[PDB]
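Q: Here is my input, please return the structure:
(chains A and B, ligands or ions: 1)
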Number of protein chains: 2
Amino acid sequence: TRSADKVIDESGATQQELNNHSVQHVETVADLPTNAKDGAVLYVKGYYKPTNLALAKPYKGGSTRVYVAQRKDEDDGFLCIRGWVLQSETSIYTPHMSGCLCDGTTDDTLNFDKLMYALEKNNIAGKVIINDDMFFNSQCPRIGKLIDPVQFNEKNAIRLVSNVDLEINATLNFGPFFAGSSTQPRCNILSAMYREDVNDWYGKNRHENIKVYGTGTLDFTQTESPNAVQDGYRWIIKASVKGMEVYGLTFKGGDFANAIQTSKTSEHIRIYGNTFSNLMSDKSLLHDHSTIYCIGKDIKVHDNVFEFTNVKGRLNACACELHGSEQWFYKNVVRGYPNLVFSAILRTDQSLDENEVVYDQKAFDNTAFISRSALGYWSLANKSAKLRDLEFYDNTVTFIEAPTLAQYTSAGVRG
Amino acid sequence: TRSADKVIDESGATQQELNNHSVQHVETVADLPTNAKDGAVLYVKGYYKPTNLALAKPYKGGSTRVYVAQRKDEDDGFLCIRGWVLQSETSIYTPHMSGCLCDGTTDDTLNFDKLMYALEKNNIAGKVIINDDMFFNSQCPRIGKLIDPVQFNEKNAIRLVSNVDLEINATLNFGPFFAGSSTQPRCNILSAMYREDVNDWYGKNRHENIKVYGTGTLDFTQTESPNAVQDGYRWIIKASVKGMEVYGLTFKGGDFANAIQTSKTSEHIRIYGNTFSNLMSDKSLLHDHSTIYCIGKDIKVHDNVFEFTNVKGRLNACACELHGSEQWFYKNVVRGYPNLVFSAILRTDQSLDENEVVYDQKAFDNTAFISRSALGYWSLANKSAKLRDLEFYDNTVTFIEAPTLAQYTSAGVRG
Ligand SMILES: [Cl-]
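A: Numbering: from 1, shown residues only, chains lettered A, B, ... in the order given. Below you will find the coordinate block:
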């Protein structure tokens, strides 16, 4: 029974010196050993044990990790597990790598926030790719930029992060947790809204370079509730941002006042190639929906499909509200909405200052099959905000009949 | 003290046979050993030692490498370090992997060119992702397609490469090296301009499939100088290219005659989703700026933000010059420029041949807040080039007052 120190290699090195320099493996993060040499390397085959060794990708959320003895007590379940530090040169991550199951039915809210909060907390630029279906059904931890010092009590599933691409190529299912109620009426499902103190209602510390995109689907069917009441604070994405892009995605079901709303000081938003389908249910008590609610400057909303096939959205809904300057709505299709576009000049603290003059609102090359209004102009009465110019050109509009009182009653419309 | 050859495995193989087949690790490229078995594999944890083991990504520019004994003297500091050959199946690279620090203050010009020149020299198609801030402050080596046989003496920071995506998701800072002077007035910061001999002024050997994109920023503030003089040869990107795309990026500060100029025989350029901000300083001796200078055919300039908030660019600047055929300028916003678009029909060796007829110049759906000209038509006097057609349609133009003589003097405008 001789020492590894006593065995010698055709290089002249101890088996012991070689063993200290060997890339080794363990099955799962649970198997990360607690007394390894500082600087040890492990390939971890999967986050958890394989659920089924017969299927094509048995091992999920595998990682290469280096042990950093001085961080051995840090366990974020992602970048550093009991000092084993995740190696990812290109900063491209998946939810499996933070212990998400991605089985479409396990609530992955907590384990997904271990990924997103890690990238937030460490100012990491990168990409999160979602290739497998997920379920969200609980509150995303209110830490870091998801603290709620104003106490709006918006339900959140996902922490958006500055300089992170969220690439959604599978179905995200949102569950009944996120249904509205009289007691907690508000929601912001994928939050890009940082409020630093009790006074910071509109997110003065803007996020930067938010990208939400991909070929997947965000399904809010399971959030639909007769209990949900009208509140302006019901969003798929509420952002305070400089530089945001939301593209490619299908959004369907739920009870939202808006799919996407920006904030007072927001700039450079691009919303394109998406499908917005039935974002306000028949049977809730909501009674108003505007799919996109454009606050701030340089916002372009284009090449999107807006559709209501239910009754209630065919009786009161608008595809886009233009609340500020340099806001264009172009090359969209709008199916069944009463209202195509609103120019809304509201002299109110969430948007326009006293004496503010709004310029460069454009709406062009849209198709609309609508029953009520192609262009709506709103303001408060007797206030100091003014519109310089709005151009509404080259739109192809067909006015169609709204659903009947019989269809309203057959569909159980409430609200 | 027994031979590894004498120790035997539950497989019946020598510890020596196993040791020859073990993936091993070293800390840094400096640690790459000089007498390993041909075919040995090392995981190199980082390019350099970690700067700080407490932070989230302690190890940067880690690599897997195979020793190729026959290349043991080749050291490009990237694909082959003393015969250790970099393994990267998808050809996705980062500047850390060539020994860039990416700390935003160390001059990474040389180490970044070790990456770009390697991909050039070996005709490698792939992607370079930049997720961390960099600084450039010296001349990019004049080798390969950056040789200067015409002796224009353009200062260059970055070698663009055919069939390489440059993905910039952080801030690139350009330093005072790149400031103009009377002695070396010319620059081409990210060069896609190959000139093969002393006679090849306009890049006859076009690059192919240049992509420059991302969510980041190119900051030329530190290049701004009272010493910089007007020269046409002052560019962020001067390309001779077939197939180029520049998208998503913010460009700000500096003293450029153009942000982007193409060449006589260039084709299929797409310039979109960018922000061009203050690309000519108040205090330099430059007196003319056109953001985009379109030479060749099939060039589309769209969905960009052009802005001068300084004085000098609010007194002489144009967003786009159309110098050739199939050139469209559309869906842009232009803030503060005197001039929106120029149709420039110059019968000159850098562009139009004798008797050349320019066709299909279009400018549509733009917003402009400008003080001098919506559409400018230029030519040389008494020459043989002609314009067939220019269409300028569906633009929304507001003529605003230029800055005052007081604002000019308060801003120290020179030039
Ligand atoms: Cl049109």
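Q: For stretch A:80-90, which residues meet the burial criterion?
A: Using 16 or more other C-beta atoms under 10 Å in any protein chain shown as the burial criterion, the residues of stretch A:80-90 that qualify are A:80-90. The way it works is simple: take the backbone N, C-alpha and C, and place the C-beta from them, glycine included.
Q: Please apply the same query to stretch A:336-355.
A: Within stretch A:336-355, the residues that count as buried by 16+ other C-beta under 10 Å are A:336-347, A:351-352.
Q: Now for these: which two are most distant?
A: A:336 and A:347 (32.0 Å; C-beta to C-beta).
Q: residues in contact with residue A:96?
A: A:46-47, A:60-61, A:102, A:132 (C-beta atoms under 8 Å, 6 or more residues apart in numbering or on different chains).
Q: Could you give the backbone dihedrals for it?
A: Residue A:96 has phi and psi values of phi -50, psi -30 when expressed as degrees, to the nearest 10.
Q: same question, residue A:74
A: With angles defined as degrees, to the nearest 10, residue A:74 shows backbone torsions of phi -80, psi 120.
Q: so what's it up against?
A: A:80, A:82-83.
Q: make it 7 Å
A: Going by C-beta atoms under 7 Å, 6 or more residues apart in numbering or on different chains, residue A:74 touches A:80, A:83.
Q: Repeat that for residue A:239.
A: For residue A:239, counting by C-beta under 7 Å, 6+ apart, the contacting residues are A:192-193, A:207, A:210, A:262-263, A:266.
Q: re earlier: which among the contacts of residue A:96 are in contact with the ion?
A: Counting by C-beta under 5 Å from the ion, the subset of those that neighbours the ion is empty.
Q: Pull the most distant pair out of the residues you listed.
A: Considering C-beta to C-beta, no two members of the contacts of residue A:96 lie farther apart than A:46 and A:132, which are separated by 13.6 Å.
Q: Residue A:363 reaches residue A:392, doesn't it?
A: Yes - taking C-beta atoms under 7 Å as the definition, residue A:363 is a contact partner of residue A:392 at 4.8 Å.
Q: neighbour count winner among these two?
A: With other C-beta atoms under 10 Å in any protein chain shown as the criterion, residue A:363 and residue A:392 differ in neighbour count, and residue A:363 comes out ahead with 24 against 17.
Q: measure the more buried one to residue B:367 for me?
A: Using C-beta to C-beta, to the nearest Å, residue A:363 is found at 13 Å from residue B:367.
Q: before we move on, what about residue A:290?
A: The spacing between residue A:290 and residue B:367, counted by C-beta to C-beta, is 23 Å.
Q: Where does the residue of the stretch 201-350 of chain A found nearest chain B sit, in terms of helix or strand?
A: Nearest residue of the stretch 201-350 of chain A to chain B, counting by C-beta to the nearest C-beta: residue A:209, 4.0 Å away. When elements are assigned from DSSP states H and E, residue A:209 belongs to strand A:207-213.
Q: so what strands line up beside that strand?
A: If you go by DSSP bridges, strand A:207-213 pairs up with strand A:164-168 (parallel), strand A:241-247 (parallel).
Q: What are the buried residues along that strand?
A: Those would be A:207, A:209-213, for strand A:207-213 by 16+ other C-beta under 10 Å.
Q: Dump stretch A:345-365 to PDB, restricted to CA.
A: Included here for stretch A:345-365 are C-alpha records, laid out as PDB according to Å, rounded to 0.1, in the frame of the first residue of the first chain:
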ATOM      1  CA  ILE A 345     -50.900  63.800 -24.200                       C
ATOM      2  CA  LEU A 346     -51.200  63.400 -20.400                       C
ATOM      3  CA  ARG A 347     -49.600  66.100 -18.200                       C
ATOM      4  CA  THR A 348     -49.100  63.800 -15.300                       C
ATOM      5  CA  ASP A 349     -46.000  62.800 -13.100                       C
ATOM      6  CA  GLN A 350     -45.700  59.300 -14.700                       C
ATOM      7  CA  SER A 351     -45.200  61.000 -18.100                       C
ATOM      8  CA  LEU A 352     -45.200  64.700 -19.400                       C
ATOM      9  CA  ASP A 353     -43.900  67.600 -17.400                       C
ATOM     10  CA  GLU A 354     -45.700  71.000 -17.100                       C
ATOM     11  CA  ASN A 355     -45.400  72.800 -20.500                       C
ATOM     12  CA  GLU A 356     -43.900  69.700 -22.200                       C
ATOM     13  CA  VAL A 357     -44.400  69.700 -26.100                       C
ATOM     14  CA  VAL A 358     -44.700  66.300 -27.700                       C
ATOM     15  CA  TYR A 359     -43.200  65.900 -31.200                       C
ATOM     16  CA  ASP A 360     -42.600  63.200 -33.900                       C
ATOM     17  CA  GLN A 361     -45.500  60.800 -33.300                       C
ATOM     18  CA  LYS A 362     -45.900  58.800 -36.500                       C
ATOM     19  CA  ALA A 363     -48.200  55.900 -37.500                       C
ATOM     20  CA  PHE A 364     -47.800  54.400 -41.000                       C
ATOM     21  CA  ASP A 365     -48.100  51.400 -43.200                       C
END
